[PDB]
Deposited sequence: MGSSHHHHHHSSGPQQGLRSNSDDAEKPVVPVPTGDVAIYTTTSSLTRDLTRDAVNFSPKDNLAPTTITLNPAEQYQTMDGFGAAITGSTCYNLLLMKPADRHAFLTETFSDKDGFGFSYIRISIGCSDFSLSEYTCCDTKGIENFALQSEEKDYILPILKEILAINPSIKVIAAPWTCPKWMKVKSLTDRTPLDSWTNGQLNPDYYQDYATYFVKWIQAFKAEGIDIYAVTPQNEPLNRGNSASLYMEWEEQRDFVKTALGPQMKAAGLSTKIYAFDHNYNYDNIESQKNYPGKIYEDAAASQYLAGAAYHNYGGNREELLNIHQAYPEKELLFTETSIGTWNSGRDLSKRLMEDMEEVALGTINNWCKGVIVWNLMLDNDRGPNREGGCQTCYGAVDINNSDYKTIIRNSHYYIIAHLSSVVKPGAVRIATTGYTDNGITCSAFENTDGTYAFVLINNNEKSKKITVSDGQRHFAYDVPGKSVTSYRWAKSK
């Protein structure tokens, strides 16, 4: 028909099911434009790659096509990877574990896992955006703290030695360049994953003052001098700033220093603490700066495998909730973990599930979890370059939505009906109209031509 539809229900009566209706209230107002959208997706971790590589090649490629193809799938369009290890790598490591930045090289995990998978994904989707972050700097760039500047031989904790700001900037540059030599353009970085976390299996503490100085004196100058167009997003942690008074408004503080801010596209957030309302505060205070949602997880702590508990809440808070608070993109954590929540690392998340889970006896049977749905419901109809546009018509209980216009002149609409009852909706673009009974506890995505 005229309007293409995707539906998933909490109960799995519909499972990204396809429908269509023809033309025959929520009214889209394309003259009222908000942010443009970069993409949506998941993390391609070492553990994700390991699981994918253990599948039969054709099954892996089918899954990757379904996930990442625009024409043959859901068109996931943003992925996140780690610079060096994360807690879903096959070891603790960095790309320069031997002291001296002259020792920089991509390691076995990149050569054997990350690069082969990303090359397969790029074969399917050559315009996919990649954002990266380190979980730790090389251990030898660490100090115990900024007031105790002695070495710290730890994959976790510590702060970046100010004497190594210039060499660590060089680290980022060599990494980006090595990926480029392999055929992969890095679209964006952050300076550190979750810089207020000292825990995990790999970490580095970095306050806003350190990040400001690192960006303005080393990372921003060096990336620009290398001719890289890679964007830099600040922060990359939770809405509450982990309840550390000094660290509140983390990116805002950095934006106030004009020398740092000139290198920053915006700020990145996760939702592991605090309330997504924070995104609105930051946008209002600095409308010139971008916002991107870069990590959330499902796991044993939030019944991650029970879609009846997760679909509605995750679509409301992670997907539509961030996009309606100015975020240009939404990226979840591990695309694929096995049914044992792995492979994982001692001290890292050992309670996490994947956006999908794969069975580790056959490496074939895959179960989609809430994260796969929330993203596919976005990426299936909202393509890169889409601009979020206003809606008018009546505020209804349990109903949330978002509307966009894609650069190909197609409108896209995504709607959550968090009510047991179906609801009859009617949708207008001003010239054309369509109606659809939206099932209870559903997400529905719609796309049609202007």
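Undergrad: Going by C-alpha coordinates, which parts of the deposited sequence are missing from this model?
TA: Counting from residue 1, the stretches without coordinates are 1 to 34, 59 to 66, 493 to 494.
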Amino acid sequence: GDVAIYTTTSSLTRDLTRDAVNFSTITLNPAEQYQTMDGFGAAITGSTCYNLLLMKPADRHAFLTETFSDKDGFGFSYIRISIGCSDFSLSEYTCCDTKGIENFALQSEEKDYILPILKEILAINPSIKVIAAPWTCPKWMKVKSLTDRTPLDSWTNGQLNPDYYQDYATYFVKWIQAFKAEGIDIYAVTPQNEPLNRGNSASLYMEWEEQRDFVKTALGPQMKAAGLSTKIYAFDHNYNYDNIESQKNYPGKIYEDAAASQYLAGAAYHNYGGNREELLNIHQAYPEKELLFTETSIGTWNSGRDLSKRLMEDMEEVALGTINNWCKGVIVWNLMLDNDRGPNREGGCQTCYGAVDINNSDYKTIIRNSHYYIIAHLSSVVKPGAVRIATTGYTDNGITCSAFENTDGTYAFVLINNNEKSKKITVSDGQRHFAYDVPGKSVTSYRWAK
From here on, numbers count along this sequence of modelled residues.
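Undergrad: Look over 310 to 318 and 281 to 289 in the entry and identify the one with the greater average Cα temperature factor.
TA: Comparing averages over the C-alpha atoms only gives 281 to 289.
Undergrad: Mean C-alpha B-factor higher for 83 to 91, or for 270 to 278?
TA: Averaged over C-alpha atoms, the B-factors run higher in 270 to 278.
Undergrad: Among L152, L337, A178, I186, where is the Cα temperature factor highest, going by the PDB entry?
TA: Comparing C-alpha B-factors across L152, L337, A178, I186, the maximum falls on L152.
Undergrad: Return the residue from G41, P384, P57, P30 that has the highest Cα B-factor in the entry.
TA: If I rank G41, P384, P57, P30 by C-alpha B-factor, first place goes to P30.
Undergrad: Based on the deposited C-alpha B factors for this chain, I'd like to know if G299 is in the lowest, middle or highest third.
TA: It falls in the middle third of the chain.
Undergrad: Which third of the chain does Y165 land in by C-alpha B-factor: lowest, middle or highest?
TA: Middle third by C-alpha B-factor.
Undergrad: Would you mind checking where the Cα B-factor of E209 ranks among the modelled residues of its chain, as the lowest, middle or highest third?
TA: According to the entry, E209 has a C-alpha B-factor in the chain's highest third.
Undergrad: Please say which third, lowest, middle or highest, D72 falls into when its CA temperature factor is compared across its chain.
TA: Middle third, going by the recorded CA B-factors of the chain.
Undergrad: Please place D357 in the lowest, middle or highest third of its chain according to the CA B-factor in the PDB entry.
TA: Its C-alpha B-factor, which the entry lists for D357, ranks in the lowest third among residues of this chain.
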